[PDB]
Each structure stands twice: as C-alpha cells, then as structure tokens.
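Have a look at input-v2.txt; it's compact mmCIF, C-alpha atoms:
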# COMPACT_ATOMS: atom_id res chain seq x y z
CA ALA A 1 55.10 -64.23 120.07
CA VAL A 2 53.72 -65.36 116.72
CA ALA A 3 56.39 -63.90 114.40
CA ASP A 4 59.24 -65.47 116.38
CA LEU A 5 57.85 -69.01 116.31
CA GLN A 6 57.10 -68.53 112.62
CA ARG A 7 60.70 -67.54 111.88
CA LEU A 8 61.72 -70.72 113.68
CA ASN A 9 59.70 -72.97 111.37
CA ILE A 10 61.17 -71.20 108.33
CA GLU A 11 64.63 -71.93 109.73
CA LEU A 12 63.67 -75.57 110.24
CA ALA A 13 62.35 -76.02 106.68
CA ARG A 14 65.74 -74.76 105.45
CA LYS A 15 67.69 -77.23 107.60
CA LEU A 16 65.67 -80.24 106.46
CA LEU A 17 65.78 -79.11 102.82
CA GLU A 18 69.56 -78.74 102.94
CA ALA A 19 69.78 -82.22 104.44
CA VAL A 20 67.57 -83.51 101.62
CA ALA A 21 69.82 -81.75 99.09
CA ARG A 22 73.01 -83.17 100.61
CA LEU A 23 71.60 -86.70 100.67
CA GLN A 24 70.61 -86.36 97.00
CA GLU A 25 74.14 -85.34 95.96
CA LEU A 26 75.38 -88.29 98.02
CA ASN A 27 73.15 -90.73 96.10
CA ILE A 28 74.09 -89.32 92.68
CA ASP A 29 77.73 -89.73 93.71
CA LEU A 30 77.30 -93.30 94.98
CA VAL A 31 75.70 -94.27 91.67
CA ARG A 32 78.42 -92.49 89.68
CA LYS A 33 81.32 -94.08 91.55
CA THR A 34 79.72 -97.54 91.50
CA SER A 35 79.27 -97.32 87.71
CA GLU A 36 82.96 -96.40 87.49
CA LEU A 37 84.23 -99.29 89.65
CA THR A 38 84.21 -103.03 88.89
CA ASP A 39 85.85 -104.31 92.10
CA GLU A 40 83.08 -105.24 94.54
CA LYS A 41 85.24 -104.96 97.66
CA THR A 42 86.01 -101.42 96.52
CA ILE A 43 82.35 -100.73 95.69
CA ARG A 44 81.41 -101.86 99.21
CA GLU A 45 83.61 -99.20 100.83
CA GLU A 46 81.95 -96.46 98.78
CA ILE A 47 78.56 -97.76 99.92
CA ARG A 48 79.70 -98.10 103.54
CA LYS A 49 81.09 -94.55 103.38
CA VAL A 50 77.95 -93.01 101.88
CA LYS A 51 75.82 -94.86 104.45
CA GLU A 52 77.63 -93.48 107.51
CA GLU A 53 77.82 -90.06 105.87
CA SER A 54 74.06 -90.21 105.31
CA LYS A 55 73.75 -91.20 108.97
CA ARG A 56 75.79 -88.19 110.09
CA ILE A 57 73.57 -85.87 108.04
CA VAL A 58 70.34 -87.38 109.39
CA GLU A 59 71.64 -87.09 112.96
CA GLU A 60 72.67 -83.45 112.46
CA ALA A 61 69.15 -82.72 111.23
CA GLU A 62 67.69 -84.61 114.20
CA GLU A 63 69.58 -82.40 116.66
CA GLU A 64 68.53 -79.25 114.78
CA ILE A 65 64.86 -80.23 115.10
CA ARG A 66 65.41 -81.00 118.78
CA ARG A 67 66.93 -77.53 119.22
CA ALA A 68 64.11 -75.83 117.33
CA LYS A 69 61.71 -77.71 119.62
CA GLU A 70 63.48 -76.61 122.80
CA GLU A 71 63.63 -73.03 121.52
CA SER A 72 59.87 -73.14 120.88
CA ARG A 73 59.37 -74.15 124.51
CA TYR A 74 61.36 -71.16 125.78
CA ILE A 75 59.51 -68.77 123.48
CA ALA A 76 56.35 -70.40 124.88
CA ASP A 77 57.74 -69.81 128.41
CA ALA B 1 46.82 -64.32 112.31
CA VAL B 2 47.71 -67.77 113.63
CA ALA B 3 45.41 -69.92 111.46
CA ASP B 4 46.76 -68.37 108.26
CA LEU B 5 50.38 -68.83 109.34
CA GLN B 6 49.71 -72.45 110.23
CA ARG B 7 48.01 -72.99 106.87
CA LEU B 8 51.19 -71.56 105.35
CA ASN B 9 53.34 -74.03 107.30
CA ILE B 10 51.22 -77.01 106.26
CA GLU B 11 51.48 -75.85 102.64
CA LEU B 12 55.25 -75.65 102.94
CA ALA B 13 55.73 -79.08 104.54
CA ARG B 14 53.71 -80.62 101.71
CA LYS B 15 55.85 -78.96 99.05
CA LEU B 16 59.04 -80.16 100.70
CA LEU B 17 57.67 -83.70 100.74
CA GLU B 18 56.73 -83.28 97.07
CA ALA B 19 60.36 -82.44 96.26
CA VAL B 20 61.49 -85.48 98.27
CA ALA B 21 59.04 -87.66 96.35
CA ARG B 22 60.19 -86.36 92.95
CA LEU B 23 63.84 -86.89 93.87
CA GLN B 24 63.13 -90.49 94.91
CA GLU B 25 61.52 -91.43 91.59
CA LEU B 26 64.48 -89.69 89.95
CA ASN B 27 66.94 -91.78 91.98
CA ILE B 28 64.96 -94.94 91.20
CA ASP B 29 64.97 -94.10 87.48
CA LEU B 30 68.72 -93.38 87.53
CA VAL B 31 69.54 -96.75 89.11
CA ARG B 32 67.20 -98.59 86.74
CA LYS B 33 68.81 -97.18 83.59
CA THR B 34 72.37 -97.60 84.91
CA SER B 35 71.70 -101.32 85.50
CA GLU B 36 70.39 -101.49 81.92
CA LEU B 37 73.37 -99.79 80.27
CA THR B 38 77.02 -100.89 79.94
CA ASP B 39 78.43 -97.90 78.03
CA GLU B 40 79.84 -95.46 80.58
CA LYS B 41 79.50 -92.38 78.34
CA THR B 42 75.75 -92.99 78.11
CA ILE B 43 75.64 -93.76 81.83
CA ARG B 44 77.41 -90.48 82.66
CA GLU B 45 74.79 -88.65 80.56
CA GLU B 46 71.98 -90.23 82.55
CA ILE B 47 73.82 -89.25 85.74
CA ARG B 48 74.42 -85.70 84.48
CA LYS B 49 70.73 -85.32 83.58
CA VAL B 50 69.34 -86.62 86.88
CA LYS B 51 71.79 -84.26 88.61
CA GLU B 52 70.65 -81.05 86.93
CA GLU B 53 67.04 -82.17 87.35
CA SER B 54 67.76 -82.69 91.05
CA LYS B 55 69.10 -79.14 91.34
CA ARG B 56 66.10 -77.63 89.55
CA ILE B 57 63.85 -79.37 92.07
CA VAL B 58 66.11 -78.26 94.92
CA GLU B 59 66.15 -74.68 93.64
CA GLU B 60 62.34 -74.55 93.36
CA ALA B 61 62.00 -75.79 96.95
CA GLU B 62 64.44 -73.09 98.06
CA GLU B 63 62.33 -70.42 96.33
CA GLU B 64 59.18 -71.80 97.97
CA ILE B 65 60.64 -71.49 101.47
CA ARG B 66 61.70 -67.99 100.42
CA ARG B 67 58.14 -67.17 99.36
CA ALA B 68 56.85 -68.62 102.62
CA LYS B 69 59.35 -66.35 104.38
CA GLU B 70 58.02 -63.26 102.62
CA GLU B 71 54.39 -64.25 103.17
CA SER B 72 54.87 -64.86 106.89
CA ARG B 73 56.36 -61.37 107.21
CA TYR B 74 53.32 -59.74 105.60
CA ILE B 75 50.84 -61.64 107.80
CA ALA B 76 52.54 -60.95 111.14
CA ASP B 77 51.96 -57.26 110.38
CA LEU C 1 48.96 -72.74 127.65
CA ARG C 2 48.62 -71.27 124.18
CA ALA C 3 46.95 -72.54 121.04
CA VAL C 4 50.08 -71.34 119.23
CA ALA C 5 52.47 -73.38 121.38
CA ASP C 6 50.42 -76.49 120.58
CA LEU C 7 50.34 -75.65 116.88
CA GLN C 8 54.10 -75.29 117.12
CA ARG C 9 54.73 -78.77 118.55
CA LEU C 10 52.49 -80.12 115.78
CA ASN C 11 54.99 -78.66 113.29
CA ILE C 12 57.94 -80.06 115.25
CA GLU C 13 56.31 -83.48 115.21
CA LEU C 14 55.70 -82.87 111.50
CA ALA C 15 59.33 -82.07 110.64
CA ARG C 16 60.42 -85.24 112.46
CA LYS C 17 58.09 -87.53 110.50
CA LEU C 18 59.27 -86.06 107.20
CA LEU C 19 62.91 -86.44 108.23
CA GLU C 20 62.07 -89.99 109.28
CA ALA C 21 60.62 -90.48 105.80
CA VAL C 22 63.75 -89.07 104.17
CA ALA C 23 65.96 -91.28 106.35
CA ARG C 24 64.00 -94.42 105.40
CA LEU C 25 64.10 -93.57 101.69
CA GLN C 26 67.85 -92.90 101.86
CA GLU C 27 68.38 -96.40 103.28
CA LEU C 28 66.15 -97.88 100.57
CA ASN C 29 68.29 -96.19 97.92
CA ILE C 30 71.60 -97.45 99.35
CA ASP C 31 70.24 -101.00 99.65
CA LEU C 32 69.05 -100.89 96.03
CA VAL C 33 72.51 -99.79 94.87
CA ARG C 34 74.16 -102.46 97.03
CA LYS C 35 72.02 -105.26 95.60
CA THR C 36 72.44 -103.84 92.09
CA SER C 37 76.22 -104.23 92.22
CA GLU C 38 75.80 -107.74 93.65
CA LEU C 39 73.39 -109.10 91.03
CA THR C 40 73.79 -109.78 87.30
CA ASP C 41 70.39 -111.33 86.54
CA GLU C 42 68.33 -108.44 85.18
CA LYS C 43 65.00 -110.08 86.13
CA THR C 44 66.24 -110.17 89.71
CA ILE C 45 67.47 -106.56 89.54
CA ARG C 46 64.19 -105.33 88.05
CA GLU C 47 62.28 -107.04 90.88
CA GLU C 48 64.46 -105.33 93.48
CA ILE C 49 63.67 -102.07 91.68
CA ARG C 50 59.92 -102.73 91.73
CA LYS C 51 60.14 -103.57 95.45
CA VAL C 52 61.96 -100.36 96.41
CA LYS C 53 59.52 -98.37 94.25
CA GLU C 54 56.47 -99.79 96.04
CA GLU C 55 58.16 -99.31 99.43
CA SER C 56 59.11 -95.73 98.56
CA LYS C 57 55.53 -94.91 97.49
CA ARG C 58 54.10 -96.19 100.78
CA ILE C 59 56.54 -94.08 102.79
CA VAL C 60 55.62 -90.95 100.83
CA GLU C 61 51.91 -91.69 101.23
CA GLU C 62 52.42 -92.32 104.96
CA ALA C 63 53.99 -88.86 105.17
CA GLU C 64 51.23 -87.24 103.09
CA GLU C 65 48.71 -88.74 105.50
CA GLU C 66 50.46 -87.30 108.56
CA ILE C 67 50.43 -83.88 106.88
CA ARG C 68 46.66 -84.20 106.40
CA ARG C 69 46.48 -84.97 110.13
CA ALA C 70 48.53 -81.91 111.06
CA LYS C 71 46.32 -79.76 108.81
CA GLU C 72 43.11 -81.12 110.34
CA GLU C 73 44.44 -81.03 113.91
CA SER C 74 45.50 -77.44 113.27
CA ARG C 75 41.98 -76.49 112.19
CA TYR C 76 40.63 -78.01 115.40
CA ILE C 77 42.98 -75.85 117.46
CA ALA C 78 41.65 -72.68 115.77
CA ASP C 79 38.42 -72.31 117.78
CA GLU C 80 40.05 -73.73 120.89
CA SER C 81 41.74 -70.72 122.47
CA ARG C 82 43.23 -69.14 125.57
Target format structure tokens, applied to this file:
Amino acid sequence: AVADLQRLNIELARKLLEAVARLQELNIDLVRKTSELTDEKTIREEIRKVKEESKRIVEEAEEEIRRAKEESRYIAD
Amino acid sequence: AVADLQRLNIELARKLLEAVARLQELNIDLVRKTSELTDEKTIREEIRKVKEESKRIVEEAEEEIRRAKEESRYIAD
Amino acid sequence: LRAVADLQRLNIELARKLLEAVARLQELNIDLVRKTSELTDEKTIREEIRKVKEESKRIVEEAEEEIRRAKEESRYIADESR
C-alpha cells in the first residue's frame, strides 16, 4: 500500500503550503493596511481580524493533518 | 521502494520549511523598512516587491511538490 | 505492524511540527506589527525587530532539527522490517 500512503503525503504538503501562502498574503495585507491607517483603534481591528483569520487557517490545516493521519491508519488497517 | 520514498518526503519537508524561513525574513525586512519610511509611495513599492518575491517563493515550492509528485510515481513502479 | 505505517506517522508528526512552527511565526509577525504601530521611538522599534528575528531563527532551527530526527529515525526503520 506504498503508493497510496505516498499520495497522501503529497496531498498534505499541498495543504500546508497553501496555508503558508494564505498566511503570507494575510501578513502583506496587514502591513499594507496599517501603513495606510493612522487611527490606532482602527489599526487594532485590522490586527484583531488578521489574527482570528490566521487562527481559522491554522485550525483548518490542523484538521486536515488529523484527517490525513486517520486515513493513514485505515490504509494501514 | 520505501526508503527512497521516505527520503523524498524528508527532502520535501525541508524545502517547505526553507520557503517558510525565506518568507519570514522577507516579512521581517518589510516591517523594518516600513517603520523607517514615511512616504507611502515608497512604502507601497516595498510592499509590492515583497509581495512578488513571496509569490516567486510560493511558486517554486509548488513546483517542488509537483516534482515530488512525479518522482513518487516513477518509484512506486 | 508495518515499517511503512511507522514511517507514515513520522511524517504526520513532521507536518504537525512544521505547522506549529508556522503558527508560532505568524503570531510573532502580528505582535511585531502591533508593537510597531504602538511605538514611535525607532530604537525601541529596532529592538523589537531584533527580538522577533532571533525568536524566528530559533523556531526555524528547532524545525530543522526535528527534520534531521525524522530523517535519522527513518533510516533506523529501514533495516527493521516485517
């Protein structure tokens, strides 16, 4: 069952990479918006929003890994 | 063969971390320069540059997973 | 109980640590941006930058070290077989 488990890891690498890519675009955006704003109350909402968004993304990736792990177990029998 | 496929997976994980590491120094550089500058046109150019550089890095990592996908196929048969 | 199933969990453990690294770095980056908006003294800001940089390097090196473990542990599993 070597090819199946291998395909699984390739899938995983893609998930984590996409998460990494989405977090990067989030950080470029947080820096861009912060440079644009002067009001600190307003800047704090952008930061608070990026933070929870980042948290959603990390959690999504965490569940994907958990699912890849469970699927490995079944393929293991 | 299993050992070769695992070697492939270790290689891939390392390259994904390398992309993560390069993005982080990029993000750190972007914040540093933005704190240094006041002119927004110049700041937007720093932001634009870091962004395209981030995509290049992201695109290379995507190609690497793709290579790893091809290579795994060849080895399993 | 396969050698392959054990190699597989090694990779699962490996993806987690790297994600954990990415998560930690992401929080370092947001904190640095937060403090940057809060401060006007450049000396202070540059110190916060140096701190995040050193912290980010350690996290990356911690992850590089775990990869070296996975690689070595994987080798060990090679002769070990069903």
Quiz prompt | Spatial neighbours of residue 5 of chain A, max dist 12 Å, only C-alpha atoms, sep filter under 6 positions, as a list in words | solution = residues 11, 12, 68, 69, 70, 71, 72, 73, 74, 75 and 76 of chain A; 2, 5, 6, 9, 72, 73 and 76 of chain B; 4, 5, 6, 7, 8, 9, 11 and 12 of chain C
Check: which chain C residues lie within 9 Å of chain A using only C-alpha atoms, as a compact mmCIF listing (two decimals) with C-alpha atoms, in the frame of the given file:
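To be explicit, this is the file written out as out13.txt:
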# COMPACT_ATOMS: atom_id res chain seq x y z
CA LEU C 1 48.96 -72.74 127.65
CA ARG C 2 48.62 -71.27 124.18
CA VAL C 4 50.08 -71.34 119.23
CA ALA C 5 52.47 -73.38 121.38
CA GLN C 8 54.10 -75.29 117.12
CA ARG C 9 54.73 -78.77 118.55
CA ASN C 11 54.99 -78.66 113.29
CA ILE C 12 57.94 -80.06 115.25
CA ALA C 15 59.33 -82.07 110.64
CA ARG C 16 60.42 -85.24 112.46
CA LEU C 18 59.27 -86.06 107.20
CA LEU C 19 62.91 -86.44 108.23
CA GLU C 20 62.07 -89.99 109.28
CA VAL C 22 63.75 -89.07 104.17
CA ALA C 23 65.96 -91.28 106.35
CA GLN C 26 67.85 -92.90 101.86
CA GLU C 27 68.38 -96.40 103.28
CA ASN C 29 68.29 -96.19 97.92
CA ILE C 30 71.60 -97.45 99.35
CA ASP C 31 70.24 -101.00 99.65
CA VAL C 33 72.51 -99.79 94.87
CA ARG C 34 74.16 -102.46 97.03
CA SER C 37 76.22 -104.23 92.22
CA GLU C 38 75.80 -107.74 93.65
Practice problem: Define the interface residues of chain A facing chain B as those within 7 Å, counting all atoms listed in the file, and report them as a PyMOL selection string. | Solution: chain A and resi 3+10+21+28+32
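As for atom CA of residue 7 of chain B and atom CA of residue 22 of chain A, they are spaced 27.7 Å apart.
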Quiz prompt | Between atom CA of residue 60 of chain C and atom CA of residue 13 of chain C, distance in Å (one decimal) | solution = 16.2 Å
